[PDB]
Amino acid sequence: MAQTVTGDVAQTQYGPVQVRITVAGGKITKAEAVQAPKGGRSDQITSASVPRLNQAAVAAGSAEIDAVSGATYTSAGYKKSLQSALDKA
């Protein structure tokens, strides 16, 4: 069974983060931020951080992933949204 699930939007101090994943036989095979902080240096931080989070979500198969340093708000919002996705099953 393969399925795509979108997690709840996490409000952060720098704006919304929202993660979507494909799970296939349970494991994460695709990860993306549907929403991420934008505007000003938040673009730089988003650019920096979310591709790394995405990669770490696909490698982890779980929301037990490490916060990106210097992007702790975005990372915390990413994991909450990703955990939300996993919980939807």
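Numbers follow the displayed sequence, beginning with 1.
Comparing the deposited coordinates for 12 to 20 and 61 to 69, the stretch with the larger average C-alpha B-factor is 61 to 69. Split the chain's modelled residues into thirds by C-alpha temperature factor. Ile45 is in the highest one. Sort the modelled residues of the chain by CA B factor and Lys30 lands in the lowest third.
Compared with the other modelled residues of the chain, the Cα B-factor recorded for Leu82 ranks in the lowest third.
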